[PDB]
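Residue numbers (PDB author numbering): 8 to 99. Beta carbons: idealized from backbone N, C-alpha and C, even for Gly. In what follows, a structure is listed as structure tokens, so that the remarks can point back to it.
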RNA sequence: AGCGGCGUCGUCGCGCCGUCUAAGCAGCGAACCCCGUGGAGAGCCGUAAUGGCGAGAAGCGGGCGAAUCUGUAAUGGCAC
């Protein structure tokens, strides 16, 4: 769940941000969508409406950010293609 | 700067006054704010200053939106 994200950011297709994740989920190219625990409830409506598997993240977005490689905060992130990673195995 | 008066004038050519125009009506809209795109971090964008940013910056479009300004009212008043 944690080390897989390192390879998901190293290799494969990923997009950071709520809106681009919405677009990827509606398009369906995003195989899985990863969300932080304390995200606003306004985002969960799409993540349930979208058929994409909903991988929870136990932490908050504040520490989700730095582990993903970005100093800022990450609310909802999608990985379009895993490539050299197995975070999808964590999700499905 | 030009035009019309008044003053001074031992010498010079300066000094002062005037050269106006209401509400109403019609048009335009600076900031803030709202929306559609946009995809920015070993960092970028700004302010007199505080600052803003994947919970979406810069940039690009659209919308709501001031005083005041432009025309008319424009023929009234002036040593017409």
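With 16 other Cβ atoms within 10 Å as the buried cut-off, status of residue i
i, result
"residue 18", "exposed"
"residue 69", "exposed"
"residue 21", "buried"
"residue 37", "buried"
Opposing strand residues paired with residue i [DSSP bridges]
i, result
"residue 88", "20"
Test item: CB-CB of residue i and residue j under 7 Å
i, j, result
"residue 92", "residue 10", "no"
"residue 71", "residue 59", "no"
"residue 32", "residue 57", "yes"
"residue 16", "residue 76", "yes"
Taking 8 Å as the threshold, find out whether the stretch 38-45 comes into contact with the stretch 56-64 through three or more Cβ pairs. Three or more beta-carbon pairs drawn from the stretch 38-45 and the stretch 56-64 are found closer than 8 Å, and the two stretches are therefore classed as touching.
| Counting Cβ pairs, one atom from each stretch, are 3 or more of them under 8 Å apart for the stretch 68-85 and the stretch 24-31? | Here the stretch 68-85 lies against the stretch 24-31, with 3 or more beta-carbon pairs under 8 Å apart.
Query raised in the report: What are the complete beta strand (DSSP E) segments, minimum 3 residues, inside the stretch 39-72?
Result: Qualifying beta strand (DSSP E) stretches, in chain order: 39-42.
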